[PDB]
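What follows is a single chain, given as structure tokens, in the form deposited in one PDB entry.
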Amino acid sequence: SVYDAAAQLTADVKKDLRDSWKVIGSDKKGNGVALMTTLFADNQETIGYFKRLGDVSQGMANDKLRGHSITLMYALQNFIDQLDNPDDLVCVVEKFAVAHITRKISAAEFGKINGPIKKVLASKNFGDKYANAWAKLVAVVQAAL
């Protein structure tokens, strides 16, 4: 249940999400492409889903990948801004869930983003504590897939 998952976002979890987002969300282009390139490097089997972006190995040089990455960061911004209201958080999460369901992305494969997030966070000196906080937010989307 996406609603029970949303209930898992307690005061402490929300604070950690906001605190870490202040840092990694300051450079959407840089960290966005970082997340994607890490995903493709650690989970090569997912590259096939991104046909439209072309040669993703080009990283920042790929205009389509850069546009995709920046936009992805605004989806996370959206989630963070909706933390105060689970009813709004849920309806935006379901909007993005549909975007992935049509792409044939399961909850299991969507969860493959946890590795990249943990690595990107770790590079900014944010440990497991924060990685786990983000895993709970990702869990809300997974509940809708």
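In case it trips you up, residue 1 is the first one in the sequence shown, and so on.
Q: So 87-95 or 56-64, which one's hotter by mean CA B-factor in the entry?
A: Looking at the record's C-alpha B-factors, the answer is 56-64.
Q: Which has higher Cα B-factors on average according to the PDB entry: 27-35 or 97-105?
A: Higher mean C-alpha B-factor in the PDB entry: 97-105.
Q: According to the PDB entry, is the CA B factor of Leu137 in the bottom, middle or top third of its chain, that is, lowest, middle or highest?
A: Tercile = lowest for this residue's CA B-factor.
Q: Considering only modelled residues of the same chain, in which third does the CA B-factor of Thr46 rank: lowest, middle or highest?
A: Its C-alpha B-factor belongs to the middle third of this chain's values.
Q: Which third, lowest, middle or highest, does the C-alpha temperature factor of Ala122 belong to within its own chain?
A: Tercile = middle for this residue's CA B-factor.
Omitted here: the form deposited with a small molecule bound. The next part is about that form.
Q: Report whether the minimum heavy atom distance between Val90 and the small molecule in the deposited complex is within 4.5 Å.
A: Taking the distances in the deposited complex, the answer for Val90 is no, it never comes within 4.5 Å of the small molecule.
Q: Does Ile117 reach the small molecule in the deposited complex if we count a contact as any heavy atom within 4.5 Å?
A: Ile117: contacts the small molecule in the deposited complex.
Q: How about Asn62: is it within 4.5 Å of the small molecule in the deposited complex, going by heavy atoms?
A: Contact check for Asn62: no, nothing within 4.5 Å of the small molecule in the deposited complex.
Q: Might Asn31 be said to contact the small molecule in the deposited complex, defining contact as any heavy atom within 4.5 Å?
A: Contact with the small molecule, yes.
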